[PDB]
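Let me begin by presenting the structure, written as C-alpha cells, before commenting on it.
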Amino acid sequence: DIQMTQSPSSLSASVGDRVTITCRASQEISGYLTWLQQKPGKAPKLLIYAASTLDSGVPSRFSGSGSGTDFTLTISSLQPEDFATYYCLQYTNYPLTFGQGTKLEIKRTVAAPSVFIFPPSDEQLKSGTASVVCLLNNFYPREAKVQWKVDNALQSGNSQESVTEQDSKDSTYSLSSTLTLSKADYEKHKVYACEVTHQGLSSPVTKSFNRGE
Amino acid sequence: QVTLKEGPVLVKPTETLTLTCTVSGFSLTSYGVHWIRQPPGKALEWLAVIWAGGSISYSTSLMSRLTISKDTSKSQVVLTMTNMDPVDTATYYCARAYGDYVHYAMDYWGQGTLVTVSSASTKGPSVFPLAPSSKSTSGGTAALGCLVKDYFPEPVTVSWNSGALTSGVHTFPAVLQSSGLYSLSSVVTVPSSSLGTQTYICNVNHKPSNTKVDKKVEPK
Numbered sequence: 254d255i256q257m258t259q260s261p262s263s264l265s266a267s268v269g270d271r272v273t274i275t276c277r278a279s280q281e282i283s284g285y286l287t288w289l290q291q292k293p294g295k296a297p298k299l300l301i302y303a304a305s306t307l308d309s310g311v312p313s314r315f316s317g318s319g320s321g322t323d324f325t326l327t328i329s330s331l332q333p334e335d336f337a338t339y340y341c342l343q344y345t346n347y348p349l350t351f352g353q354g355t356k357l358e359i360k361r362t363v364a365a366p367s368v369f370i371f372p373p374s375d376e377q378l379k380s381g382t383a384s385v386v387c388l389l390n391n392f393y394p395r396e397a398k399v400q401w402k403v404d405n406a407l408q409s410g411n412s413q414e415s416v417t418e419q420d421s422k423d424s425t426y427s428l429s430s431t432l433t434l435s436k437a438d439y440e441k442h443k444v445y446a447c448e449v450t451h452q453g454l455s456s457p458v459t460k461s462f463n464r465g466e
Numbered sequence: 198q199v200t201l202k203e204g205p206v207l208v209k210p211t212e213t214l215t216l217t218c219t220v221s222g223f224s225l226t227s228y229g230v231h232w233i234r235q236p237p238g239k240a241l242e243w244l245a246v247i248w249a250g251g252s253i254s255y256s257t258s259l260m261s262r263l264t265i266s267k268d269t270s271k272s273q274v275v276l277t278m279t280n281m282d283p284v285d286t287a288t289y290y291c292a293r294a295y296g297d298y299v300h301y302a303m304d305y306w307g308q309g310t311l312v313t314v315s316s317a318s319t320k321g322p323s324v325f326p327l328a329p330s331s332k333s334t335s336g337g338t339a340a341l342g343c344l345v346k347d348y349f350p351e352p353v354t355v356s357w358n359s360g361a362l363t364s365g366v367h368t369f370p371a372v373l374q375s376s377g378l379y380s381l382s383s384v385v386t387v388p389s390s391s392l393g394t395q396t397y398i399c400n401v402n403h404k405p406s407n408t409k410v411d412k413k414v415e416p417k
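Chains E and V, in that order, are what the protein sequence lines are. Per the working numbering, the first sequence runs over residues 254 to 466. Per the working numbering, the second sequence runs over residues 198 to 417.
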C-alpha cells in the first residue's frame, strides 16, 4: 500500500492567516492527488483533484500544488468556516489511501462562558434517577474546568462532559457537564452547584440552586 | 440533482452488513461508485469501488469479506460485508467517481451511514426537559433544553420547533455511559420575555428504534 504522510496533524490559526498542509507519498503518484475537507458530522467535500485543479464552487483561497510525491494545500486568508479536518488522497493505484488528516482549529480572542444550571426534572425523578446539568455557553478557548459541589462537598466520578465543535461564525465552544446521582442521594441534600474556571473569568463562577425552591 | 442516499444500523458480531447506495442524477453505467468508511475519531479508509463497466476492486485486507452488486434499473449499488466485528463500527460512505477508472474526482458523497457492531440490544431514548428558570437566566436571555438519555445505538437527531428554531441551538456530542447506553443534551438560548408566550419543543428522532418524541419544555 502507498503510504501518505500528512503534516501537521493539528494546527491553530487566526482569521485572515495563510495555512499550509503538506502530504508526501511513499511512491510516485504523478498528479493523482485529491484534497478533501470534512466538517464534523458531515461527509467529506472535494476541494482539489489532479493535485492542483480547484473544484468548481470552491473559494479561490484554496490552492493545491505539487506533482510526484510532495504536495501542498494552501489556504490563503483563512475564514471561520474553514475549521475542519483536511485529508489528502492518492488514486494512482489500489487500494486508494488517505493521509491521516489535519485538524484545523480557528484562533480567536478569549471569550468567557455564560453559565447556566438545570435541576433534574420531575419526570426524570419519577424514574428514580437525577441528572443535574451545567451549561457553559459560547466561550473560547476550549479548556474549561467544571467542579460539582453537593452541600459544598466536591464530587468525583459521577459527572460527564461534552463539548461542541467550534461555531462556524464566531469560533466559540459550548460545553455541558452532567452530574448524575441516585434519586435517594439527590433527595437527601439541598445545595447543588457547578463552579466554572476559565481563562476569560478573573475568578471562578458558581451557579447553584436549592432543591425544591 | 446528483445525489447519493444510503439508515443507521446495528449489526451483531459475526453477522452481515448490507448497505444500499441509491443514486440519482446520473447513470451507474457511466460512473463508478466508491465505498469509504471512517471509525469514530479516525481517518477515512477506502473499502471498494464498482466501475461503470462492472469491474470491481476491494481493499486487500478486507476483500474476502466484501462483495458489491449493482442494479441499474433501481439506480442502486449494494455493499455487503460479512463477519462484522466491533472494530468495524464506523460511518460508511458511498461516493461517485466522476471521470474514468484512471482519472476521476470523488465529487459527490452520500450522507454516511453510522454502523454499530455490538451484541447490545436497541433501546429508545427517554427525553426530559431542561426547564428555564432564574437559574438559567442571564440578563434578558434564558437557556432551556432537553436531556436525551439512555439510548442505543447512536445516533439521535434533535431539532427545535420542527426546524424553525436554529439560532443559538447547541446539540452536544453523545456521551457513552458505563452501562453501554448513550446520552446527550440539546440546549437553546432564547429571550426571557418569550418564555410565557413562545412554545419550545425539542423533536427527537432515534431511527434505529423508530422512536420519535416531541417534548415541550415548560417554563418553571
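Ideal Cβ placement from N, Cα and C applies to all residues, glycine included.
Work out the CA separation of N346(E) and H367(V) for me, nearest whole Å. Numbered from its first residue, the second sequence carries residue 367(V) at position 170. Numbered from its first residue, the first sequence carries residue 346(E) at position 93. Straight-line Cα distance between these residues: approximately 42 Å.
On the three-state DSSP scale, how would you describe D270(E)? As a working note, residue 270(E) is residue 17 in the first sequence. Correct three-state label for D270(E): coil.
Note down the Cα distance separating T396(V) from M260(V), rounded to an integer number of angstroms. For the purposes of this step, residue 396(V) is taken as the residue at position 199 of the second sequence. For the purposes of this step, residue 260(V) is taken as the residue at position 63 of the second sequence. C-alpha of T396(V) to C-alpha of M260(V): approximately 53 Å in a straight line.
Leaving aside the five residues before and after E212(V) along the sequence, list all residues of the same chain whose C-beta is less than 7 Å from its C-beta, in chain order. Walking along the second sequence from the start, residue 212(V) turns up at place 15. Counting only Cβ-Cβ distances below 7 Å, and skipping sequence neighbours, we find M281.
With a CB to CB cut of under 6 Å and the five nearest residues on each side skipped, what residues in its chain are close to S382(V)? As a first step, residue 382(V) must be located in the second sequence, where it is residue number 185. Hits under 6 Å: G342, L344, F369.
Nearest to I247(V) (by Cα), restricted to the options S359(V), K320(V), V230(V): Numbered from its first residue, the second sequence carries residue 247(V) at position 50. That would be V230(V), whose Cα lies nearest to the Cα of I247(V).
When you compare the CB of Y290(V) with every CB in chain E, is at least one pair closer than 8 Å? Mapped onto the second sequence, residue 290(V) falls at position 93. Yes, its Cβ sits closer than 8 Å to a Cβ of chain E.
Are any of the Cβ atoms in chain V nearer than 8 Å to that of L389(E)? Counting from one through the first sequence, the residue named residue 389(E) turns up at place 136. It does not; no Cβ of chain V falls within 8 Å.
For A296(E) and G222(V), what's the separation of their Cα atoms in angstroms? In the first sequence, residue 296(E) corresponds to position 43, counting from 1. In the second sequence, residue 222(V) corresponds to position 25, counting from 1. Rounded to the nearest angstrom, the two C-alpha atoms are 19 Å apart.
Under 7 Å, CB to CB, which of the residues in the segment 269 to 289 of chain V have a partner in chain E? Listed by position along the chain: nothing, the set is empty.
Cβ of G354(E) within 8 Å of any chain V Cβ: Taking the first residue of the first sequence as position 1, residue 354(E) is located at position 101. Interface residue, yes.
Starting from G296(V), follow its DSSP beta bridges and name the residues at the other end. Residue 296(V) sits at position 99 when you count from the first residue of the second sequence. DSSP, once it has assigned bridges, lists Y301(V) as partnering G296(V).
Relative to the alpha-carbon of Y290(V), which residue among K413(V), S333(V), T215(V), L327(V) has its alpha-carbon at the smallest distance? Mapped onto the second sequence, residue 290(V) falls at position 93. With distances taken between Cα atoms, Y290(V) lies closest to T215(V).
Between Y340(E) and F351(E), is the Cβ-Cβ spacing less than 8 Å? Translated into the one-based positions of the first sequence, residue 340(E) becomes position 87. Translated into the one-based positions of the first sequence, residue 351(E) becomes position 98. The answer is yes: Cβ separation under 8 Å.
Rounded to whole angstroms, what is the Cα-Cα separation between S424(E) and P333(E)? Here residue 424(E) corresponds to residue number 171 of the first sequence, with the count starting at 1. Here residue 333(E) corresponds to residue number 80 of the first sequence, with the count starting at 1. Spanning the two alpha carbons is a distance of roughly 6 Å.
Under three-state DSSP, which class holds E396(E)? Numbered from its first residue, the first sequence carries residue 396(E) at position 143. In the structure shown, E396(E) falls within a coil segment according to DSSP collapsed to helix, strand and coil.
Using 8 Å as the threshold, is the C-beta distance between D411(V) and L299(E) below it? For the purposes of this step, residue 411(V) is taken as the residue at position 214 of the second sequence. For the purposes of this step, residue 299(E) is taken as the residue at position 46 of the first sequence. No, Cβ-Cβ distance for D411(V) and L299(E) is not below 8 Å.
Taking Cβ-Cβ distances shorter than 7 Å, what residues in chain E pair up with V372(V)? Counted from its first residue, the second sequence places residue 372(V) at position 175. Within chain E, the residues near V372(V) are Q413, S415.
Leaving out five residues on either side along the sequence, give the residues of the same chain with a beta carbon under 6 Å from the beta carbon of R361(E). Sequence index remark: in the first sequence, residue 361(E) carries index 108 (1-based). Hits under 6 Å: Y393, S424.
At a CB-CB cut-off below 9 Å, which residues of chain V make contact with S435(E)? Taking the first residue of the first sequence as position 1, residue 435(E) is located at position 182. Under the 9 Å cutoff, chain V gives no residues; its nearest Cβ is about 14 Å from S435(E).
State the Cα-Cα distance for the pair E242(V) and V353(V), rounded to the nearest angstrom. Translated into positions along the second sequence, residue 242(V) becomes position 45. Translated into positions along the second sequence, residue 353(V) becomes position 156. One C-alpha to the other measures close to 24 Å.
Any contact of the segment 292 to 304 of chain V with the segment 450 to 463 of chain E, i.e. 3+ C-beta pairs under 8 Å? As far as the Cβ criterion goes, the segment 292 to 304 of chain V does not touch the segment 450 to 463 of chain E, which means the pair count is below three.
Examine chain C for any beta-carbon lying closer than 8 Å to the beta-carbon of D308(E), and answer yes or no. Although the question refers to chain C, the structure presented lacks it and instead comprises the protein chains E and V.
Give the interface partners of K332(V) over in chain E, defined as CB-CB distance under 9 Å, in chain order. Working through the second sequence from its first residue, we reach residue 332(V) at position 135. Near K332(V) (Cβ distances below 9 Å), the residues of chain E are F369, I370, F371, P372, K460, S461, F462.
Entirely within the segment 397 to 433 of chain E and at least 3 residues each: give me those beta strand (DSSP E) ranges in chain order. The DSSP assignment places 398 to 403, 412 to 416 as complete runs of the beta strand (DSSP E) inside the segment 397 to 433 of chain E, in order along the chain (cut-off: 3 residues).
Any 3 or more C-beta pairs closer than 8 Å across the segment 273 to 291 of chain E and the segment 313 to 332 of chain E: Segments in contact, yes.
Which partner residues does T277(V) have in the DSSP bridge list? Counted from its first residue, the second sequence places residue 277(V) at position 80. The partner list for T277(V) (beta bridge, DSSP) reads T215(V), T264(V).
Just mark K413(V) as buried or exposed, buried being the case when its beta carbon has 16 or more other beta carbons within 10 Å. Stepping through the second sequence from its first residue, residue 413(V) is reached at position 216. It counts as exposed.
Please look up how many angstroms separate the CB atoms of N400(V) and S364(V), rounded, as I've assumed it's under 8 Å. Here residue 400(V) corresponds to residue number 203 of the second sequence, with the count starting at 1. Here residue 364(V) corresponds to residue number 167 of the second sequence, with the count starting at 1. About 16 Å separates the beta carbons of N400(V) and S364(V), which is beyond the 8 Å limit, so they are not a contact pair.
Taking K412(V) as part of the alpha helix (DSSP H), name the residues at either end of that continuous run. The residue labelled residue 412(V) in the question sits at position 215 within the second sequence. No alpha helix (DSSP H) holds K412(V); the beta strand (DSSP E) holding it covers 408 to 413.
Do you know offhand how far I398(V)'s Cα is from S374(E)'s? By one-based count along the second sequence, residue 398(V) stands at place 201. By one-based count along the first sequence, residue 374(E) stands at place 121. Their Cα atoms are separated by approximately 15 Å.
Beta strand (DSSP E) containing residue 470(E): first to last residue? Any property of residue 470(E) remains undetermined from this structure, which presents chain E solely from 254 to 466.
To the nearest angstrom, how far is the alpha carbon of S272(V) from that of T286(V)? As a position in the second sequence, residue 272(V) is number 75, starting the count at 1. As a position in the second sequence, residue 286(V) is number 89, starting the count at 1. Near 26 Å, if we compare the C-alpha coordinates of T286(V) and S272(V).
Quick one: any contact between the segment 391 to 411 of chain E and the segment 426 to 435 of chain E, if contact means 3 or more CB pairs under 8 Å? Yes: the two stretches touch, three or more of their Cβ pairs being nearer than 8 Å.
Any idea if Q377(E) is buried or exposed, counting beta-carbon neighbours within 10 angstroms, 16 or more meaning buried? Numbered from its first residue, the first sequence carries residue 377(E) at position 124. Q377(E) should be labelled buried.
Verify whether the separation of the beta carbon atoms of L327(V) and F371(E) is less than 8 Å. By 1-based counting over the second sequence, the position of residue 327(V) is 130. By 1-based counting over the first sequence, the position of residue 371(E) is 118. Taking 8 Å as the Cβ cut-off, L327(V) and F371(E) qualify as a contacting pair.
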